[PDB]
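Novice: Here's a sequence, model it:
(2 chains)
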Amino acid sequence: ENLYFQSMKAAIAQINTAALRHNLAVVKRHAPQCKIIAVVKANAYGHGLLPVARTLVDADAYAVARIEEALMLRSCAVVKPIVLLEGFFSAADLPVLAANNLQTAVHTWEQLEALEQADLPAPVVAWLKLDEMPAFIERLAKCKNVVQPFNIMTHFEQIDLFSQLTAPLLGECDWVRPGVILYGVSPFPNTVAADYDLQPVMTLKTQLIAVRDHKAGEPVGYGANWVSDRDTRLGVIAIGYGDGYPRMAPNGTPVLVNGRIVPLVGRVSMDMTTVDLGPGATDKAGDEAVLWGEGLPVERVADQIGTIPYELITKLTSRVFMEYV
Amino acid sequence: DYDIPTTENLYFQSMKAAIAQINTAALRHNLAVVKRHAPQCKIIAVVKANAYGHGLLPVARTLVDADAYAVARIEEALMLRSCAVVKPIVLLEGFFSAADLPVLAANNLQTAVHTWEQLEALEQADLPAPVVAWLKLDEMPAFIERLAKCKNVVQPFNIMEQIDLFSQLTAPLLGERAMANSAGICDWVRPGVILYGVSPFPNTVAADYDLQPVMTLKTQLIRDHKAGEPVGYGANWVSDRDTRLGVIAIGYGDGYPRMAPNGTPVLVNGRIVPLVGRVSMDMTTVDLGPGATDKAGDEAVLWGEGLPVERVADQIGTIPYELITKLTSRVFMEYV
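Specialist: Residues are numbered from 1 along each chain as shown, chains lettered A, B, ... in the order given. You can find the structure just below:
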């Protein structure tokens, strides 16, 4: 209400480029003689494909899930090699690879069959790994449309056969790449903290649209779900299920308002949701109110809801405004 | 007609991953059903959140017979006005900011007053030409007389356990109502979500009610033939019996919920097949069965024509309102 002009004050997901560059330096602090490879799939985990790619200029190579994202990177004058994770799931996706120089990843029999059947100038760089055990490694090696020797990208009791079979094969100290830790997400339930030199990039901010005072024993929340008669000054934030927030978990979801952690109450609507502050507290209309990120980690919020933090950052629809700092 | 593709979408007609087809023929059909029962009633759509994930601008051009429009925020109303829309735009939930009052008068919008903060800002602001305001939310305040005395409001207004008491108080007041709760268990009516082919309650689950869902969430079939043991990526694992499986290119990062691991219906080649295992970021597996062999790249519909969205929402647990609005920018909009 104390604003001056239109600057978009509703659902907003602020991205800190300073923390993004910091997380990449943390990987280089432990492994200096390693090939750093991002980790820019599903619109860079909901942080924006093109803006983070321009920021991570120190990254030796890029990695996407589909060709559509890889073509957007190459058009934005990137020269670093693009790795196609999960590979190609169409035979017509092979000539666009040899033309835009993309490094695919072969694992299924269908993409190996399509590689031998297709004829095209210049071969493509292939990566391999699984998800007893077929020895299609020699079939991939004898292929005419593949840069020989291929390349392997393993991981850090059920498999173990991949480790001994990769020993005679060459050969691209070390050259390891991250999971999601480049954004400040652990994400492991063993340690959901990730505060040890790790900063979250996405800070899901909103706005305090209205404040309601009960002043009487009324647990009613319009008529959908009830909570408690205890008199407390309630506040409503402008973020709903139609913005990307999950309708799951009632009393217990943490929300950071003016530094202090306040629990989310009742159900979630399409555009807004209510949160329990307190009668003694003084929260004015137009406050910060952050759902996940700085002050309250995304792994902590995901654990309270039940889902993994990977969904929380990718579930956000086109209604949320992308802020970059 | 379909607007020029905004920077940037794919040019593949055979599809790649995630597509939400919106049929305009059912959108026009549902509107005629409302007019069939109530002919002397002004129809008020019902385009609150990017037209419930169907696209604000394309459905507005289609619903030309609609007497008035209704949005949640000013941003959507300004997009309609710029697309040469002359019909009155109703601002649901009203304005939250005092600076949202001069734009309301300049673009001729119909705000909704319910909170005290809105009324305080209306009396405190001075602007040429008044705004048409709608009313509808000490206990039970009589601020109706205060709203009527306001200088920047088109007089009269225009109104839309707790209660019955509000329906009693609107009787002496003149003289334009609009509800909003139920059309069939008048002079002006506004539907809920029935204009898209979705029932607001799973009482009938759209079965024999007339009908036709607009959004048909299509995908593409991207093993073994065996059920196996590591089914998806991991964690949730089903049977091992020799049966034909299928994997569809739609994940949690597309808008699909990870909830209800097994039993969720998916329509593949007319036949209903249950969803198995968990849901990944870009894809999910579905159990086809031994009978009839299917090829990679089939239709595969999640909700809409052949399988209603209310039926899918009931199997997951959530309301159908979320399912159609949870879809992110990764899904491609087809009309065509």
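Novice: use CA for all of it now, contacts and neighbours both
Specialist: OK.
Novice: ok now stretch A:87-94, how far from the chain's centre?
Specialist: Distance of stretch A:87-94 from its chain centroid, counting by C-alpha atoms, centre = their mean, to the nearest Å, is 25 Å.
Novice: Would you mind writing the CA trace of that stretch as PDB?
Specialist: Output of stretch A:87-94 as PDB, limited to C-alpha atoms (Å, rounded to 0.1, in the frame of the first residue of the first chain):
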ATOM      1  CA  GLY A  87      20.400 -39.000 -25.100                       C
ATOM      2  CA  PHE A  88      18.100 -38.900 -28.200                       C
ATOM      3  CA  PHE A  89      14.700 -40.600 -28.300                       C
ATOM      4  CA  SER A  90      14.100 -40.100 -32.100                       C
ATOM      5  CA  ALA A  91      16.200 -41.200 -35.200                       C
ATOM      6  CA  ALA A  92      15.600 -37.700 -36.700                       C
ATOM      7  CA  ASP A  93      17.500 -36.200 -33.600                       C
ATOM      8  CA  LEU A  94      20.900 -37.600 -35.000                       C
END
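Novice: Of all the residues in it, which ones are buried?
Specialist: A:87, A:88, A:89, A:94 (16 or more other C-alpha atoms under 10 Å in any protein chain shown).
Novice: ok, residue A:261 - how many residues close by?
Specialist: Counted with other C-alpha atoms under 10 Å in any protein chain shown, the neighbours of residue A:261 add up to 16.
Novice: Can you verify it is assigned to a strand?
Specialist: Yes - counting by DSSP: H, G, I helix; E, B strand; the rest coil, residue A:261 is part of a strand.
Novice: now the helices: where do they sit in the stretch 201-325 of chain A?
Specialist: A:298-305, A:309-312 (DSSP state H, counting those that start in this stretch).
Novice: so what's residue A:286 closest to, chain neighbours aside?
Specialist: Nearest residue to residue A:286 in three dimensions, chain neighbours excluded: residue A:208, at 4.9 Å (C-alpha to C-alpha, 6 or more residues apart in numbering or on different chains).
Novice: With residue A:62 instead?
Specialist: residue A:82 (4.6 Å).
Novice: Bridge partners for that neighbour, pull those for me.
Specialist: Listed by DSSP bridges, the beta-bridge partners for residue A:82 are residue A:62, residue A:102.
Novice: isn't it right up against residue A:60?
Specialist: No - counting by C-alpha atoms under 8 Å, residue A:82 stays clear of residue A:60, with 9.8 Å between them.
Novice: Compare the two and say which one has the larger neighbour count.
Specialist: residue A:82 (25 against 15).
Novice: separation between the more buried one and chain B?
Specialist: The gap separating residue A:82 from chain B is 19 Å, by C-alpha to the nearest C-alpha, to the nearest Å.
Novice: So what does the residue nearest the centre of chain A have for phi and psi?
Specialist: By C-alpha atoms, centre = their mean, chain A has its centre lying nearest to residue A:45, at 2.8 Å. Main-chain dihedrals, residue A:45, degrees, to the nearest 10: phi 60, psi 40.
Novice: sorry, back to before: the residue nearest to residue A:62: what's it in contact with?
Specialist: A:61, A:62, A:63, A:64, A:70, A:101, A:102, A:103 (C-alpha atoms under 8 Å, 6 or more residues apart in numbering or on different chains).
Novice: change it to 7 Å
Specialist: By C-alpha atoms under 7 Å, 6 or more residues apart in numbering or on different chains, the residues touching residue A:82 are A:61, A:62, A:63, A:70, A:102, A:103.
Novice: What's the local residue count around the closest residue in space to residue A:127 that isn't next to it in sequence?
Specialist: Spatially, and ignoring its direct neighbours in sequence, residue A:127 is nearest to residue A:105 (4.3 Å; C-alpha to C-alpha, 6+ apart). Per other C-alpha under 10 Å, the neighbour tally for residue A:105 reads 23.
Novice: Looks like residue A:105 contacts residue A:94 (just checking).
Specialist: No - using C-alpha atoms under 7 Å, residue A:105 is not in contact with residue A:94, being 11.9 Å away.
Novice: Taking the stretch 101-250 of chain A, what residue is nearest to chain B?
Specialist: Residue of the stretch 101-250 of chain A nearest chain B, by C-alpha to the nearest C-alpha: residue A:242 (4.8 Å).
Novice: Can you give me the distance of that residue to residue A:99?
Specialist: Note on residue A:242: its distance to residue A:99, by C-alpha to C-alpha, to the nearest Å, is 40 Å.
Novice: Neighbour count for the two, which is higher?
Specialist: residue A:242 (30 against 13).
Novice: got the contact list for that one?
Specialist: With C-alpha under 7 Å, 6+ apart, residue A:242 has these contacts: A:270, A:271, B:322, B:325, B:326.
Novice: let's see it at 10 Å
Specialist: A:268-272, A:316-320, B:49-50, B:52-53, B:321-328 (C-alpha atoms under 10 Å, 6 or more residues apart in numbering or on different chains).
Novice: Residue numbers of the stretch 201-325 of chain A in contact with chain B?
Specialist: Taking C-alpha under 10 Å from any C-alpha of the partner chain as the contact definition, the stretch 201-325 of chain A meets chain B at A:208-210, A:212, A:214-216, A:220, A:222-223, A:240-248, A:269-271, A:285-286, A:307-308, A:310-320.
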